[PDB]
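Here is the structure we will look at.
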Amino acid sequence: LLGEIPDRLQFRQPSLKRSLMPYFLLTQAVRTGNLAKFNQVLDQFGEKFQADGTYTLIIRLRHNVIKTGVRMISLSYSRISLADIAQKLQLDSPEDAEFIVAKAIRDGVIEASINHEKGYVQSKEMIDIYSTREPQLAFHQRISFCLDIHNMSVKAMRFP
Amino acid sequence: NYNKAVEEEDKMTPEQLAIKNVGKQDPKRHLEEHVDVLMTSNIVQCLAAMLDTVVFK
Amino acid sequence: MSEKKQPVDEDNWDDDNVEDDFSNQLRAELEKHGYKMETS
Amino acid sequence: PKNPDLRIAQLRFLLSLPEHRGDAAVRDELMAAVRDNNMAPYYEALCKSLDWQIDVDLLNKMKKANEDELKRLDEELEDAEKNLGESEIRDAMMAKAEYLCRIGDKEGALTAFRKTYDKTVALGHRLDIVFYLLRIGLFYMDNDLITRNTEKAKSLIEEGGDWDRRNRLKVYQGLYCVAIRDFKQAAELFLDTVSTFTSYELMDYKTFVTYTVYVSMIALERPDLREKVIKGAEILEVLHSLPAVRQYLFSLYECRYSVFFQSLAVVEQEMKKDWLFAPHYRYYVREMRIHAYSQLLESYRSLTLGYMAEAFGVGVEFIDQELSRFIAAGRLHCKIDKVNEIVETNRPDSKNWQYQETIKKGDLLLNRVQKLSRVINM
Amino acid sequence: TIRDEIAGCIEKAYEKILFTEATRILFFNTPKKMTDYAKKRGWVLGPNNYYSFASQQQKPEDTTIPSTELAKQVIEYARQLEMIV
Amino acid sequence: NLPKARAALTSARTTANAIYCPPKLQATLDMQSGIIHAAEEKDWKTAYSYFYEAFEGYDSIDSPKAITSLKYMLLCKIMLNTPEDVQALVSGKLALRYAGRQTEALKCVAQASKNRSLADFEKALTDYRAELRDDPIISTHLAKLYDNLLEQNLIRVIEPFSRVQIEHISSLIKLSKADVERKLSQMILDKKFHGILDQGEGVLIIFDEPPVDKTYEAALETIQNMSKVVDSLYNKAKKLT
C-alpha cells in the first residue's frame, strides 16, 4: 500500500517459499501497471488471500499501483503528456486522466502543470531542494536520535 | 581529516580488539583521547558558529 | 519467539530480484532488439 | 582428458535451447560413444535426443570391454597391494577409475573419489579428484559438487605453491564467477591469461579469451578497459586475431552507437548458444547499454534524442521506454524530456545523495546494537 | 459532496478549460450552480472559457523568511551538543 | 598479415641462438620486433628503441640498406612526437655519418619531428609525401599524430577565456556536430577537458568546480563500520547463549 516496493523474494526463505508463492507474484504485478495481469493475479491467487483477510486493500491497491506507474514515468521524464500516458498506463480516456492528475496534485504526488486545450500536460523539473536545506534539517532528528542512545548506553551501564 | 582520516586508524583498534579469539594480550583501551577531542572540537565549532546568532541579533 | 499465537498460525536468488524485472518488462531481449535493425 | 567429454556438455546445451539439430549433436555423441567408452553421456542424451532404434549391443560390448577394463583395474587393486609402496599402489585406481565416471553416471564418481582420497600424499592427485568433480558438474547442471571441491582445493593445494594446477583454480572460480553472478572477480581471476596456456581443462584458450573479454566490458572500467588490452602484451595478440571481438572493443572506446546494436548481437549470439550463459545474458544486455549510455549522457547537459536517433539509427520510440525502464530500476538516474526532445544531466551525485550511505546503513547498524543492548542485562 | 469537488478537484492546477467541457460533468443545461461557481471560485469568468489567472496560482516563492527559523534550528541543535557535553 | 609475420618472427626466436654467432640476427630480430609489436601498438618508445638498436647494428653494411634504414627510424620519430630520444640519436656522431641525398631529406624529416606545428606539418606534408609513401603503415602513423595534434591546437584556443561559442571555435577545425563535438564530448569522458556544451544557443561552458572531498571520506568509512558490528555480532550471540 506504500506504492514503493521492490521484489519481495529478497525476504524469501526456502521454508516460507512454498507458502508465499501465491503472495509472491502479487507484488510482481504491483511493479507493473497492467490491468489484465493484475486482475489475473487476484483471480488465481485470491484463494490464499482468504486466510490472511487482506481483501481490504485489493480495492484501494488499484489506486496505489496507478500512483506507482505515474511516479515511474514522472520521475523518468521532465514533461509527460496526458495523451501519451493515457494508453501507456491504459487509462483509456482523457477525462478520467484529468480526474487522476487532479487528485494526484491534491495528494502532493505530482508537481506537473497542465495546459488544457485538447488537452496536454506540460511539466518541468522540480529543484531547489539543494543541500543547505534538507540534509541539515533532517540531521536534527538524526543527532537527537543518536544522543538519546548515549543515555541508553549509560542507563544500561548503570545496572552492572 | 582529523574527524574522518583519524577515524579509521582509531576504528581499526576494535577490529584489533577482535583477535580472534584470543591470542593477543588484553585489555587495551584505544577509546581515548581522540573521541573526547572531536567532541570538544565540535564544541569549539558550534559555539563559534553561534556568534552568527549571538553577536548579530 | 515462540509465545503468544506466533506458532498457532551469490546467489541467483539475489539476482532474481532484478531478474524478475526482466520477466515483466522487455523480456531479455535479443530477437526484438534484433528485429529493430531492419525496421527503420 | 576432458575436452572430448567436456564437449558433450557443449552438446547438451546445443540440444537444450535449439531443437533444430538432433542428428548433428547425436552423431558426434555416438562418435564420442564409440570412443572414450562413454555410456551415460549417451544415456542422458538418449532422453534429450532420439531414442534410436538400437544402441545396446553396439555400445554394450563397449561397457563389457569397459567392465573388462574396469575389472582389470579392480584386479589391479589387490594385485598391486600384494606388494608395498607409497601412494603407487592405489594411484592406479583413481585417475583411470574416475575416468570410469566419464564412462557413466556417478558410480565412477562417488565411489572412486572417496576411496582414493585418504591415501594420496601429493596435492596433485587430490586436485585430479576436484578436477573430475568439476566436469560432472559441468555435464549435469547440478551446481552442488563444483562448489565444495573447489573449497577443498583451495585449502590443501595452496598451502604451498604450484605453477600449473593452481592457475587452473583461478580459472575454475573465475568460471564459477561467470557461472553464478560475479563480474568483478571474474576478470580479476582471469588476469593470469596466457600463464595458464592451453590445457584439457582450459579447452580452447581463444574461447577462454572470449569468456574474459565479455566480462571485461562491464567489470573493467573504461580507463582500465583500454588499458588491459593495449598495455597487456600476451592478451593483445589473441584479440587481434578475432576481427569481430576487437572491433566491438575499440568501437566501445570510439563511442559510435551505430555498430553497437549489430556487434552486441553477435556477442549475444555467442551468449545465447553457450552454456551457463542462459540465466546471465538477460542483465548482460542492458548492462552494456548503460555502459555505453554512461559516457553518453555524461557528455552534454542538454541533449536531443533526435541527435540520438542519428547514432542509434534510428531510436525514436525504442529508447523512449528503454531509457525509461533504466531510471525506474535505478540504472543511470537521468531526466529525459518527452516531446520536448531534451535530456538533462544530472544527477549531481557528488554532494547530496552520496551522504545518504552514512546514516541509512548506520540505522540498522545502530538499531542492531539498540535491541541487543536491552538484552544486557535480561 | 461530489458537486463541490468540481471546483476543488479540477484545480489547482490547470490552465484554461472550455465552457461546455465543465458543463459535461455538471450536466443540466445552464444551471445557476456554475453561476454560483463564477462567484464562489473567483478564479475567473471568461467568455466561452474559464481561466486560472493569475497565475496557477499566487506564484509561491515560497518565502525568504525561513532563513530566520533556520538560525532557530541551530539554537537547540548547538544546545543538544552541549547536553552531552 | 600480422599472425604470419609473428609466426615467421617466432621461428626466428630459436633460430638466432641455434647456430654459433648470429652473426647479425637478434639485432635484425629486434628490428622485426619493432614491426609486429609496433603493429600491436605496445609502446611507442620501446619500438623506436629497437630502431636505435638496429641502427647500432647497421654499422659497416650495404649503404642502400643503411640509407633506407633511416627512412623507418626517422619517420618513426614523426608518429611519437615525444620519443625524448630525439637529440640522442640524430645529434650523435654515428647518425651524422650519412651525407647522401636521401638521408639529407631524412635529416630534415628528423627535424620535421622536432617541428610539429600543424601550420608547418600540413605544409611539409606535400614535400615529404615521397617519404610518406615509404611509411610502412601510412594511416596509423599520421592518424595518431593528426588526432593528437587536433587537441594540441584546441587546448590553445579553448584555454585563454573560460566560455566560448561552439560554432566559431569549431570553425577553425572546420565543422562541429559530426565528429569534433562528438570527439570533444569524448574529452569529458577522457577527463582531458572539463566543461559542458550548449546545443541550443551554441556556447561551450567550462567548469572545474564540483569537487569530491568530504563525502567519500565519510560514507566509505561507515561501510567499513558495517564490518565492525557484524563481526561483533559473533561475540554478542556467543557470550549470551
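No lab work stands behind these numbers, since they all come straight from the coordinates. Reconstructed Cβ throughout: ideal geometry from the backbone, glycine too, with neighbour counts over all protein chains shown.
Quick rundown of the values:
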{"quantity": "Cross-chain or 6+ apart pairs with Cβ under 9 Å, region C:1-13 first and exposed (fewer than 10 other Cβ atoms within 10 Å of the Cβ), then not aliphatic (A, V, I, L, M)", "calculated": "C:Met1/C:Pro7; C:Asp11/D:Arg181"}
{"quantity": "Among the candidates D:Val213, D:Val245, residue that is more than 14 Å from chain C (Cβ to nearest Cβ), within 14 Å of the chain's Cα centre (by Cα) and assigned to a helix (DSSP H, G or I)", "calculated": "D:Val213"}
{"quantity": "Which numbered condition F:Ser60 misses (of (1) among the small types (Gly, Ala, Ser); (2) under 19 Å from F:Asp30 (Cβ atoms); (3) assigned to a helix (DSSP H, G or I))", "calculated": "(3)"}
{"quantity": "Positions within region D:249-264 being closer than 10 Å to D:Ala311 by Cβ and of a type in the set (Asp, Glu), in sequence order", "calculated": "none"}
{"quantity": "Entirely in region D:262-339, the helices (runs of 4 or more DSSP H) that have 2 or more residues that are surrounded by fewer than 18 Cβ atoms within 10 Å (Cβ to Cβ), away from chain F (no Cβ under 14 Å) and out of contact with any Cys (no Cβ under 6 Å at 6 or more places or on another chain)", "calculated": "D:281-297, D:318-328"}
{"quantity": "Checklist (1) surrounded by 13 or more Cβ atoms within 10 Å (Cβ to Cβ); (2) within 13 Å of chain D (Cβ to nearest Cβ); (3) out of contact with any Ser or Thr (no Cβ under 9 Å at 6 or more places or on another chain) applied to A:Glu134, failing item", "calculated": "(1)"}
{"quantity": "Filtered residue count, region D:219-242, keeping only those that are in a helix (DSSP H, G or I) and either in contact with a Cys (Cβ under 7 Å, 6 or more places away or on another chain) or among the aliphatic types (A, V, I, L, M) (or both)", "calculated": "7"}
{"quantity": "Extreme residue, farthest from the chain's Cα centre (by Cα), among residues of region D:342-358 that are surrounded by 15 or more Cβ atoms within 10 Å (Cβ to Cβ) and at the interface with chain A (Cβ under 10 Å from one of its Cβ atoms)", "calculated": "D:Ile342"}
{"quantity": "Residue within region D:25-47 that is farther than 28 Å from D:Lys273 by Cα, out of contact with any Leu (no Cβ under 8 Å at 6 or more places or on another chain) and assigned to a loop (DSSP other than H, G, I, E, B) present", "calculated": "no"}
{"quantity": "Spans of helices (runs of 4 or more DSSP H) in chain B with at least 1 residues within 11 Å of the chain's Cα centre (by Cα) and charged (D, E, K, R)", "calculated": "B:5-17, B:34-49"}
{"quantity": "Within region B:30-57, tally of residues that are closer than 20 Å to F:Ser227 by Cα and among the basic types (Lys, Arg)", "calculated": "0"}
{"quantity": "Scan of region F:27-52 for residues that are farther than 28 Å from D:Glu227 by Cα and either buried (at least 17 other Cβ atoms within 10 Å of the Cβ) or in contact with a strand residue (DSSP E or B) (Cβ under 7 Å, 6 or more places away or on another chain) (or both), ordered by number", "calculated": "F:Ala27"}
{"quantity": "Residue among E:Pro31, E:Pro47 that is over 17 Å from the mean Cα position of the chain (by Cα) and surrounded by 10 or more Cβ atoms within 10 Å (Cβ to Cβ)", "calculated": "E:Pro31"}
{"quantity": "Residue in region C:14-23 that is part of a loop (DSSP other than H, G, I, E, B) and closer than 24 Å to A:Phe24 by Cβ present", "calculated": "no"}
{"quantity": "Unique residue being part of a helix (DSSP H, G or I), under 30 Å from B:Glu15 (Cα atoms) and either within 25 Å of the chain's Cα centre (by Cα) or not β-branched (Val, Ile, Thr) (or both) when the list is F:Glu167, F:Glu217, F:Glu181", "calculated": "F:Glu217"}
{"quantity": "Residues located in region F:111-141, provided they are within 14 Å of F:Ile67 (Cβ to Cβ) and surrounded by 15 or more Cβ atoms within 10 Å (Cβ to Cβ)", "calculated": "F:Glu131"}
{"quantity": "Subset of region D:248-261 that is more than 14 Å from chain C (Cβ to nearest Cβ) and surrounded by fewer than 17 Cβ atoms within 10 Å (Cβ to Cβ) - its residue that is nearest to C:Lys36 (Cα to Cα)", "calculated": "D:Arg256"}
{"quantity": "Total residues in region A:55-100, condition part of a loop (DSSP other than H, G, I, E, B) and basic (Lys, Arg)", "calculated": "1"}
{"quantity": "Every pair of residues 6+ apart whose Cβ atoms lie under 8 Å, when the first sits in region D:76-92 and is closer than 21 Å to D:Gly124 by Cα while the second is polar (S, T, N, Q)", "calculated": "D:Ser87/D:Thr120; D:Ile89/D:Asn83; D:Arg90/D:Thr116; D:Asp91/D:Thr116; D:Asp91/D:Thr120"}
{"quantity": "Matching option when the condition is hydrophobic (A, V, I, L, M, F, W, C) and farther than 20 Å from D:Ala328 by Cα, among A:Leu26, A:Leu91, A:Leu9", "calculated": "A:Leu91"}
{"quantity": "Failed criterion for D:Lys361 (all others in (1) within 20 Å of A:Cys146 (Cβ to Cβ); (2) more than 9 Å from chain A (Cβ to nearest Cβ); (3) surrounded by fewer than 16 Cβ atoms within 10 Å (Cβ to Cβ); (4) more than 34 Å from the chain's Cα centre (by Cα) hold)", "calculated": "(4)"}
{"quantity": "Selection status of E:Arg41, surrounded by 14 or more Cβ atoms within 10 Å (Cβ to Cβ) and more than 10 Å from every other protein chain (Cβ to nearest Cβ)", "calculated": "yes"}
{"quantity": "Residue identified as surrounded by fewer than 16 Cβ atoms within 10 Å (Cβ to Cβ) and of a type in the set (A, V, I, L, M, F, W, C) among F:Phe193, F:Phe161", "calculated": "F:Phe161"}
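Residue-by-condition table, conditions (1) out of contact with any helix residue (DSSP H, G or I) (no Cβ under 6 Å at 6 or more places or on another chain); (2) acidic (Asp, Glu); (3) within 30 Å of D:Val375 (Cβ to Cβ):
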| residue | (1), (2), (3) |
| --- | --- |
| F:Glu159 | yes, yes, no |
| F:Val180 | yes, no, no |
| F:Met187 | yes, no, no |
| F:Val203 | yes, no, no |
| F:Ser232 | yes, no, yes |
| F:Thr241 | yes, no, yes |
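Every residue, every condition in (1) over 21 Å from the mean Cα position of the chain (by Cα); (2) surrounded by fewer than 14 Cβ atoms within 10 Å (Cβ to Cβ); (3) within 14 Å of chain D (Cβ to nearest Cβ), yes or no:
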residue: A:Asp7; (1), (2), (3): no, no, yes
residue: A:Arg18; (1), (2), (3): yes, yes, no
residue: A:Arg60; (1), (2), (3): no, yes, no
residue: A:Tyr77; (1), (2), (3): no, no, yes
residue: A:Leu82; (1), (2), (3): no, no, yes
residue: A:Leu91; (1), (2), (3): no, no, no
residue: A:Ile105; (1), (2), (3): no, no, no
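One line per residue, one yes/no per condition, for (1) more than 14 Å from chain A (Cβ to nearest Cβ); (2) under 27 Å from D:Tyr257 (Cα atoms):
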| position | (1), (2) |
| --- | --- |
| C:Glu3 | yes, no |
| C:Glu10 | no, no |
| C:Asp21 | no, yes |
| C:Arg27 | no, yes |
| C:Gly34 | yes, yes |
| C:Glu38 | yes, yes |
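Conditions tested, residue by residue: (1) out of contact with any helix residue (DSSP H, G or I) (no Cβ under 7 Å at 6 or more places or on another chain); (2) surrounded by fewer than 20 Cβ atoms within 10 Å (Cβ to Cβ); (3) of a type in the set (A, V, I, L, M).
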site: D:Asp142; (1), (2), (3): yes, yes, no
site: D:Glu151; (1), (2), (3): yes, yes, no
site: D:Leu156; (1), (2), (3): no, yes, yes
site: D:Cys177; (1), (2), (3): no, no, no
site: D:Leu189; (1), (2), (3): no, no, yes
